[PDB]
Amino acid sequence: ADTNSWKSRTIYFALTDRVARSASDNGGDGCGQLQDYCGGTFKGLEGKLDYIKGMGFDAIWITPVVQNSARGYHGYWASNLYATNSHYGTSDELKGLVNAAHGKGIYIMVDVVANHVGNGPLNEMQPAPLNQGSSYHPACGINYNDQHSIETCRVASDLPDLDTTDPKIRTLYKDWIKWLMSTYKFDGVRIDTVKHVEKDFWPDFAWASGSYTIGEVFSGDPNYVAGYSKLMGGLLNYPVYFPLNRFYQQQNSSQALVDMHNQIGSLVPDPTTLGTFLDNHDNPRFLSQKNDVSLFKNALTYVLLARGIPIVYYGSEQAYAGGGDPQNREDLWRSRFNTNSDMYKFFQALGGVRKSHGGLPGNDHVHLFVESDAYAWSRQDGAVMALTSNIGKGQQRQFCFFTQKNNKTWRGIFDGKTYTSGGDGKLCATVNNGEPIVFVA
Ligand SMILES: C[C@H]1O[C@H](O[C@H]2[C@H](O)[C@@H](O)[C@@H](O[C@H]3[C@H](O)[C@@H](O)[C@H](O)O[C@@H]3CO)O[C@@H]2CO)[C@H](O)[C@@H](O)[C@@H]1N[C@H]1C=C(CO)[C@@H](O[C@H]2O[C@H](CO)[C@@H](O[C@H]3O[C@H](C)[C@@H](N[C@H]4C=C(CO)[C@@H](O)[C@H](O)[C@H]4O)[C@H](O)[C@H]3O)[C@H](O)[C@H]2O)[C@H](O)[C@H]1O
Ligand SMILES: OC[C@H]1O[C@H](O[C@H]2[C@H](O)[C@@H](O)[C@@H](O)O[C@@H]2CO)[C@H](O)[C@@H](O)[C@@H]1O
Ligand SMILES: [Ca+2]
């Protein structure tokens, strides 16, 4: 599917090894060693498509699917591009997962790596010429202040860095992504390690995909990130990630979030193609950093209802709180896939708002109220409106703001209350327990 189709999607980002063990997995004692395979499978994820859909997601980003070197539970350590990772299942089981998702109106986005291979023996790498030393840069330690180093040095000391300027390597990866997409029928691609490969590799690779591509450029600098924005369909919104977290963890005002939202939006071709996220598999979970479910809900209100494509990290809906990798990659079966959890029902409510408004694909995010401790905005000409704050659990405040809609009525989706703006479009609302208020006409 094309960029335009993805703009209205809502993405659940899952580690395949960490969702479900089988079609019959309805929960169990968790996985003890999070640095090793926990036993999630394609067939297990297939049995959880209803669980995912029931919160309002209509797309799943899965970690890489290719055969990996030892202990590559996360998929990022390729050893054979043209074989599936047997720990998750066979090729036919991967097709069955995708086909099951398509039958339920769900897109599958596949994560891919072109920068590097795994840490297994060179002589087991496939296909040719990946088993030749000459296919790689000599090993060097990355200096993140030097772009040459970022591109030619190793992302980790044991992960050989491909010589991506070699025409033979460029054709290997183009032919491979075309085969992958044709064979398995994926709807989109997440491109790992984009800043680690020279820019002129990317357009041909992205176009070979045949679908929307979203790139990972791990940087808070919006100028740097936006320099990749014309090479692929969208980018992960790392620039917003930083001040998003600083506001909702009570570290800074909302002004830096609004500033960065405006700045990155102005620098890319189409800010509706950016992927908005609060946490992921490479950073501690929100609740590890700030143990306050009210603040998490406020932050997630931005993720779900701001401009851009929301990307929610699996386990958020069970209030997971693990810290740095691998502790942020807890299995989901320990939670027993509780569809009555507080966070599950929260995601389900915001998913219903998105569904009733077309998946909110517009470039129509109007800042309404921007203060030390509060942020409100609307979408769709005032049809949907969010008031968020960083006051925290157990706190009450009144916030009054101009809605730009005269004499208009909304319903609070959480509290059921009727909210009416005045003749001047001014609305006052009182936040309770630090919880966000979402308003729908
Ligand atoms: C992970 C991420 O790293 C890089 O991001 C950098 C970024 O480029 C930097 O600029 C900087 O970011 C700055 C930012 O620019 C600023 O604007 C902001 O203000 O501050 C931030 C933070 O300073 O830092 C980040 C993070 O370092 C890449 O650019 C990015 O693409 C990466 N994300 C991708 C990439 C990969 C690789 O495909 C995936 O990671 C996977 O592979 C790693 C490496 O194997 C694995 O790591 C875990 O397992 C390792 C084995 C373990 N290391 C142990 C092994 C040793 C010997 O072998 C010991 O030497 C070592 O001490 C041991 O700990 C790792 O610690 C452990 O994390 C991942 O699990 C695996 O997933 C990413 O997932 C993918 O999204
Ligand atoms: O509630 C204060 C103020 O917030 C908003 O103004 C933003 C503006 O939209 C941003 O572009 C940037 O300039 O930050 C301003 C706040 O410092 C509302 O737009 C405005 O109506 C309201 O009074
Ligand atoms: Ca490289």
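Whatever order the structure lists ligands and atoms in, that order sets their numbers, starting from 1. Residue numbers start at 1 and run along the sequence shown.
At least one protein heavy atom sits closer than 4.0 Å to atom 12 (C) of ligand 2. Taking a distance limit of 4.0 Å, we find that atom 23 (O) of ligand 2 is approached by no protein heavy atom.
In this structure, the ring of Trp377 has its center no less than 6.0 angstrom from the ring center of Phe369.
The N, O or S atom of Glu151 lying closest to the Ca ion (ligand 3) is O.
Note: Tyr107 and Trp6 have tilted aromatic rings, judged against thresholds of 30 and 60 degrees for the angle between ring planes.
Remark: distances from the non-hydrogen atoms of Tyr238 to ligand 1 are all 4.0 Å or more. Proximity of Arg190 to ligand 1 is established by a heavy-atom distance of less than 4.0 Å. Contact annotation: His116 has at least one heavy atom less than 4.0 Å from an atom of ligand 1. Between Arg71 and ligand 1 there is no heavy-atom distance shorter than 4.0 Å.
The existence of a salt bridge linking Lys393 and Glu435 is excluded, since no basic side-chain nitrogen approaches an acidic carboxylate oxygen closer than 4.0 Å.
For ligand 2, one of its N or O atoms has an N or O atom of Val370 under 3.5 Å away.
Within the 4.0 Å heavy-atom criterion, the part of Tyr144 lying near ligand 1 is the side chain and not the backbone.
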